[PDB]
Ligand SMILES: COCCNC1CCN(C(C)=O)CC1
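Here we start with a single chain on its own, the form solved without this ligand, put down as structure tokens.
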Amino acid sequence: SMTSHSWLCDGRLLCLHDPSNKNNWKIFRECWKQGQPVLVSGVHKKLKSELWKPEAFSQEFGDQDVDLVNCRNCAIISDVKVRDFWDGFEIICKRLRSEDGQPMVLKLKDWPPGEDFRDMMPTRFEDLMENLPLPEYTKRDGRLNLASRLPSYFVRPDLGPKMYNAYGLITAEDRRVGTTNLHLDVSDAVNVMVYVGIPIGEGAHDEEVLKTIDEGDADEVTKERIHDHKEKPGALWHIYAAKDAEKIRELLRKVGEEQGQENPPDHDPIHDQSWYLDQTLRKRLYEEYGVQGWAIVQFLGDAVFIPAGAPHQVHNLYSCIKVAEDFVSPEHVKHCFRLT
């Protein structure tokens, strides 16, 4: 039967079922005040599905010049065309191949560039902003979004939204690699999964995808969502409470040293955006520092709410198109204050 919500992560993660329900705020706000992430499902049923397809981006913007990143080694592929990324998104025989002849796992860097999303893509901008959940928090002019209402004593987010466009990680060796490495944002954000591309020519490979989710420490109810309803899983997230950021720095300082890195004792390994916490490092963080995370599988149409200051990392299971909007809730405004 239809219900307002359910729980993931053994009761530690709220999952809201109706993205446009006028009463979502009554359930959301207590979890949000405690510093928890929140998941909202069903957002892709509210969008214009034809706007959010890799073939459309290629047809409309393919002649633009861009840089790509190789997810396996962080190398930059300079001055190629936007079509060189989009045309290999789902069809593996069309992907750029490395010097070993393997198809590469690529990310589109800074596209659209800076704050140009709204000017370049006005129909997509309207379709996203009118269908974001928790609109008093997430709309540019929402009554609980302080972004437009704060003086320069507060760090204000850039004008959004921002896209996260990257291929799926494939191999056993890729299991320990990040799509986006561990980092934090001083503003709150909502990240929406608007398209999942599953290759059928040499993809749609549950086997290595099921071992990744298992080893990723996904909960039993998340593991039922794969086998039962057949929704399309996009990406594996690990999110940590803002209050645990310094203990994570203490762990990565120690591991850096053990690995023969040469770093001052106050150096910030989260700000460096150089680390991915694999199964070994996540087990050490829990056992040695007492720090537990949220392991979240983001399916098509899932919106992930990421608290200001909360360290997070993402590992794409398949090729993903994600769009995110920043906001400043009153619950977390301390994270962007420039004094004490």
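Superpose the two forms; the largest set of C-alphas matching within 1.5 Å is the rigid core. Quick note: we count residues from 1 along the sequence shown, nothing fancier.
Between 172-180 and 203-211, pick out the one whose C-alpha positions differ more from the shown form in 9 other deposited structures of this protein, using the rigid core for superposition. When 172-180 and 203-211 are compared in 9 other deposited structures of this protein, 203-211 lies farther out.
Would you mind working out which of 193-201 and 238-246 sits farther from this form in 9 other deposited structures of this protein by RMS C-alpha distance, with the rigid core as the fit? Higher root mean square deviation of C-alphas in 9 other deposited structures of this protein is shown by 193-201.
Higher mean Cα B-factor in the deposited model: 97-105 or 180-188? Result of the comparison: 97-105.
Residue stretch of maximal mean CA temperature factor, 51-59 vs 307-315: The stretch with the larger average C-alpha B-factor is 51-59.
Identity of residue with top Cα B-factor, from 244, 228, 136, 87: If I rank 244, 228, 136, 87 by C-alpha B-factor, first place goes to 228.
Say you rank 145, 131, 165, 212 by Cα B-factor from the PDB entry; which sits at the top? Comparing C-alpha B-factors across 145, 131, 165, 212, the maximum falls on 212.
Taking the C-alpha B-factors as the PDB entry records them, is residue 118 in the lowest, middle or highest third of its chain? CA B-factor rank for residue 118: highest third.
Name the third of the chain's ranked CA B-factors that contains residue 302, choosing lowest, middle or highest. As the PDB entry reports it, the C-alpha B-factor of residue 302 lands in the lowest third of its chain.
C-alpha B factor of residue 150, ranked within the chain: lowest, middle or highest third? Middle third.
Taking the values exactly as deposited, rank residue 238 by C-alpha B-factor within its chain and report the matching third: lowest, middle or highest. Bottom third by C-alpha B-factor.
Relative to the other modelled residues of the same chain, rank the CA B-factor of residue 255 and answer lowest, middle or highest third. For residue 255, the deposited C-alpha B-factor lands in the highest third.
What comes next is about the form deposited with this ligand bound, which is not displayed.
Exactly one residue in 150, 120, 255, 226 has a non-hydrogen atom within 4.5 Å of this ligand in the deposited complex; which is it? None of the other options qualify; the answer is 226.
Though this ligand is not shown, can you say which of 175, 140, 232, 94 has a heavy atom within 4.5 Å of it in the deposited complex? Looking at 175, 140, 232, 94 one by one, just 232 meets the 4.5 Å heavy-atom criterion.
Evaluate residue 209 for contact with this ligand in the deposited complex, applying a 4.5 angstroms cut-off between non-hydrogen atoms, and reply yes or no. Close contact exists here: in the deposited complex, residue 209 approaches this ligand to within 4.5 Å, heavy atoms only.
This ligand contact in the deposited complex: residue 198, any heavy atom under 4.5 Å: Contact with this ligand, yes.
Candidate stretches 80-88, 201-209, 112-120, 255-263, one within 4.5 Å of this ligand in the deposited complex by heavy atom: That would be 201-209.
With the partner left out here, which residues of 306-331 have a non-hydrogen atom within 4.5 Å of this ligand in the deposited complex? The stretch 306-331, when checked against this ligand in the deposited complex, contributes only 318 at the 4.5 Å heavy-atom cut-off.
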